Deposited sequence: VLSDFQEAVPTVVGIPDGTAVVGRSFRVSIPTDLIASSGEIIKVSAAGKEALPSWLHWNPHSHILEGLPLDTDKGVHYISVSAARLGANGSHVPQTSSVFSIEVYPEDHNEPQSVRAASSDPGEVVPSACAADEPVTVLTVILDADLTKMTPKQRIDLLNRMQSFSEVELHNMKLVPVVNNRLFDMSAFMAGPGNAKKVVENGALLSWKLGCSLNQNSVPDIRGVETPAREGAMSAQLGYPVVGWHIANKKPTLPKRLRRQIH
């Protein structure tokens, strides 16, 4: 009698940046009902998302191939005496994945380069689940002193494991690079130079000694600091 309708607001995401939203399951599910979260019209989520049923958190880390709008269905079903799932309600919202974070947490002055620290990892993000992508970011926090949601994680492109414009850099623990590679990066400041970069020993030393890779779960190829043209 008199069903309730819950609207969930649409969200936004950016390639290479962590995504996290709470879903109001206590409003959608009358006691006893089973919640399902999927891509609308499918049983699975999009490949970049992960649903935590006990925390009610939908989270993910999109790749360039996830650009665009994703409709997500949150549905509640009654479990019948015979084991059937009787759907009761469905609430659908969308998430638009945008292509570029412009190296900004979300800023430097216009046309002022952003100083970015990048760690190059022997990893293939397309082989990793969303949870694995997020946990790699989580594991980097000890070293970056940047929160999960302000780091960036994207694949290597054109097989380039270096940045020749970098004015500081150093080695990791890896001797071979087996996978395509991943770039895990964050902002240090605006238009910095060697003399104004913060203390980076807490990156460079564990990178070279192998303590960083032991904590991240992936081999570290190297790191570098470079000023990136603004976008």
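Gaps without C-alpha coordinates occur at 1-7, 114-128, 254-263, with positions taken along the deposited sequence from 1.
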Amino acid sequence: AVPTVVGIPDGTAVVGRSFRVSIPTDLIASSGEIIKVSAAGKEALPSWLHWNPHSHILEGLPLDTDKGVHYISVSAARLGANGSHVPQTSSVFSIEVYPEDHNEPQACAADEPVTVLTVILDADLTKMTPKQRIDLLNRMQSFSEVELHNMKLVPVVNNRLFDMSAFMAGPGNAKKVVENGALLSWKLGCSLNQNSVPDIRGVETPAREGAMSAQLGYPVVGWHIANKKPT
From here on, numbers count along this sequence of modelled residues.
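Of the two stretches examined, 200-208 and 25-33, the record assigns the greater average C-alpha temperature factor to 25-33. Between the stretches 188-196 and 175-183, it is 188-196 that shows the larger average CA temperature factor. Of all the options 117, 109, 146, 128, the entry's greatest CA B-factor is assigned to 109. You'll see in the entry that, of 160, 139, 152, 133, the Cα B factor peaks at 160.
Residue 170 sits in the lowest third of its chain by CA B factor, as recorded in the PDB entry. Per-chain ranking of the deposited C-alpha B factor places residue 67 in the middle third. Ranked by Cα temperature factor within the chain, residue 122 sits in the lowest third according to the deposited record.
Placement of the Cα temperature factor of residue 9 within the chain: highest third of the modelled residues, per the deposited record.
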